[PDB]
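Alright, here's a single protein chain in two forms, structure 1 and structure 2, each given by itself as structure tokens.
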Structure 1
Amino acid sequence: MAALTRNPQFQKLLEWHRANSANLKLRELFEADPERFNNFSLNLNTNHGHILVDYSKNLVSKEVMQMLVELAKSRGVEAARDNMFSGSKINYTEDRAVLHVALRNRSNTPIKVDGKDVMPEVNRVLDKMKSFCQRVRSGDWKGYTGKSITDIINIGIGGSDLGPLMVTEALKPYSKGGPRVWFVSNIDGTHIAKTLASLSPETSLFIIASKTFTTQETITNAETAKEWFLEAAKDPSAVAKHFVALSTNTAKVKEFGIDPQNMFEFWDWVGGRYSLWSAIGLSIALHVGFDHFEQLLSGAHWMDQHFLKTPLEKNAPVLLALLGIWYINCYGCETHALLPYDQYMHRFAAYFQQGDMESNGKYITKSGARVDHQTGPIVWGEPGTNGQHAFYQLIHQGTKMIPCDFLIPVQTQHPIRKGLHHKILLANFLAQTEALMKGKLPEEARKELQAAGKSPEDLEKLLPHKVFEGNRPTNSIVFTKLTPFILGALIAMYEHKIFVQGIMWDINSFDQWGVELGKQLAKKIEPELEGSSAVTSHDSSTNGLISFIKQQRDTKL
């Protein structure tokens, strides 16, 4: 077996679920206990806004929460957390520290890796970012024709793309005085082509973002950008005015031809999917200003301290993690929906697809044993209220159990029509979780059908279609306003949720060996596509698809 399934607290939880989970009905839990909301929610005061984590609409009792907390303790969560924060090499397959918390360590308390405090270098790079942001935003940094920069283009993929994109989207109201920001990520030539079509080489600055600086998509895109730039500038020395790099790989950055002073460094203990807090966040700092970037870091730091100091039973990321374990390992739910009622947060779910799924989509434990249980869920979602008119039909009346996190700011960035739109948004946010919990009883639906003037025959037939079974669990995460600080806290909260789940599953949340095979096979196929010769080196499907490509690529439509 595996560490989790051999754990007696887990076995107790699973046995309790088998015997008792059918007795858990949300409607009944609330009716029996008027203090339920009070006892199953956390109202966090950050001193820069409140974050309410309301987990009361979950299929849990006091006893279940107790069993879950006991499991976190007996799986070593507290010790593992302390090991992360102290610079222990908890990324055990790669023998690396895991120190995204150092990037936003506003206290500047020493954090050592190999006996050396990492904070001076973290702060050196942050200082460099601040100076660069001043130069660019002020207009002092000139392009090759002497004009101020108006557009920033981040080129990167995965962890070097999703964070900066999601955060600049979420913090758009804070971007006054900043350059426009663009994100090129896909190797698909459409991406860079459509981006470059709208830009001038005179006023565009490219940020080449890559931890390794060897990712094929990013380097190829970067080289395409450089070719486009040099077509207009016709001067290799002008590249230094229009290209900067964010990387750990000094040598590869030099090889590409980027100025050493134009390199913003980070470290191997910064995972790509945990990197927006580092040099990788340069496009964020350029767009919304360095002050707002520091606020983002500070919010994350607040949540780091919350995670570090708080007893597990009232520790927000721990509780979210534990509810997830309950649904994944006891109920068997494959997915987790993230439903932000905020258009600015439209890339939040996509971000946590990498954050969660690349971290915990794993099957080998620390001992080398294969898991004999589920690990990370499939994360998905779209902003409310849009989702209500897309897929909530299935959440309400399908055959799947889907834990959902509903998120919303109390205060909107755009209080148009004296707050009318936000009133409606909030009402929908509240009503949907209420609806998911309560459902609609046959007696309720029957009266509605009767009042609608339905015949006895029509009523009979329609009735079951109009019933909502309910008992569908949700979290509601409500916060004062989506400021840089609060966004930072929210992202950090989910980072630590993911960490806790990984520890409980005994997996490594911080490596990504599962991307290797696809990369290897793509390197083999690339040269085979050129020319007219038949490819026979693969299975018949791969060969057949290549044959189709070669036959169809010259056809004129």
Structure 2
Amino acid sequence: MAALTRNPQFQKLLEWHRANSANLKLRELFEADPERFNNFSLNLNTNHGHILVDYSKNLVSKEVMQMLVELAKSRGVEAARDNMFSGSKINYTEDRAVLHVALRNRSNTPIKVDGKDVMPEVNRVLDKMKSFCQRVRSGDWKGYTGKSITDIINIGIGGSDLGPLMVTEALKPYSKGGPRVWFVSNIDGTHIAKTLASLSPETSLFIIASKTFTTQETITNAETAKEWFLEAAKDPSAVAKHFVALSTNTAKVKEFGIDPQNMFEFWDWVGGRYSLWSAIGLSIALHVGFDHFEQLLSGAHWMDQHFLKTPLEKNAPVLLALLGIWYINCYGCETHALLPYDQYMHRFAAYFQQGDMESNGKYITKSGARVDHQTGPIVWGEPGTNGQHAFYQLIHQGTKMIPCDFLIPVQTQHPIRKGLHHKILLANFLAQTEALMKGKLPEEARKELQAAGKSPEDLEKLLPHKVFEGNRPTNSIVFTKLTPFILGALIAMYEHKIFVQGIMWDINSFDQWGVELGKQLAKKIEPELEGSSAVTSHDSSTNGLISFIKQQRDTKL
């Protein structure tokens, strides 16, 4: 077996689930205990707003929570956490530290890697970012014709794209006085082409986000951008005015035409999917200003300290992680839905698809043994209320159990019509989790059908269709306002949730060996597509698809 399944606290939990989970009914749990909300929620005061983590609408009793906390302890969560924070090389397959927490370590307490404090270098790069932000935002940094920069274009993939995109989208109201920001990520030529179409080479600055500065899709996009730029500027020395790098590859950066002074460094202990807090967040700082970026870091730091200092039984990321374990390893739920009732947060779910799924979509444990249990879930979701009119039909009346996190700010950034829109938004946020829990009983639906004037025959036929079984569990995460600080705390909270789950599963949340095979095979296919010759080097499907491509690419429609 594996570490988790051999653990006696896990075995006890699974045994309890087998014998008792059918007796867990949300309606009954609330009726039996008026203190349920009080006992199954955390009201966190950050001093910059409150975050309420209400986990009371979950299929758990006091005893279940106790068993879950005991399991976290006996899986080594507390020790593993302290090891991360101290710079221990917990990314064991790559022999690397895991120190996104250092990037936002506002206290500046030394954190050592190989006996050396990383904080001076973290702060040196932050200082460089601040200076660059002043130069660009003030208009002092001039393009090749002497004009101020109006547009920033981040070119990067995965961890170099999703974070900056999600955060600038979420913090749009804080971008007054900032340049417009654009994100190019797909190798699909559509992405860069449609972006460049709306830009002037005179006033556009490109940020090339790549640690190695050899990333294929990113560098291809970067080179396309440079070609477009040079068509107008006709001067290779002008590239330094319009291109900067988030990288450590000084030689390659200089080769590209970028001034090495404008290379913003980060470190091997910064995972791509944990990198927005580093130099990778430069586009955030440019867009909303460095002050707001520091606030984002500070919110994450607050949550880091919460995670570090708080007993497990009232520790927010730990409890979220444990509820996830309960649903994944005991109920067997494949997915986890993130449903923010906030249009600004429209890329939040997509961000945590990488954060969660690339971290914990794993199957080999620390010992090298294959797991004999489930690991990371499929993360998905769309903002409310839109989801209600798209897929909530399935959540309410389908055949899947789907743990959902509902998220909302109390205060809106746009209190139009004396708060009418936000009142309705809040009402829907509250109603949906209430509905998911309560359902609608036959006696309730029957009276509605009778009042609607349905015949006895029609009523009988329609009745089961109108019944909601309910008992569908949710978390509700409510926060004062979606400020840079609060957003930072929320992202960090989920980062640590993912960490806790990874430790409990005995997997490495911080490597990504599963991307290698696709990369290898793509490099082999690339040169085969050129020219008219038949490709026979693969399986018949791959060959057949290539044949179709070669036959169809010249057809005039």
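Residue numbering: sequential along structure 1, first residue numbered 1. Take the two forms, find the largest set of C-alpha atoms that superpose within 1.5 Å, and that set is the rigid core.
- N249 is the only residue from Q388, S298, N249, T335 whose Cα shifts by 2 Å or more between structures 1 and 2, the rigid core being superposed.
- For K211, the CA shift between structures 1 and 2 after superposing the rigid core equals 2.4 Å.
- The two forms, fitted on their core, place the C-alpha of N58 0.1 Å apart, compared between structures 1 and 2.
- Core-aligned Cα shift between structures 1 and 2 at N262: this is 1.0 Å.
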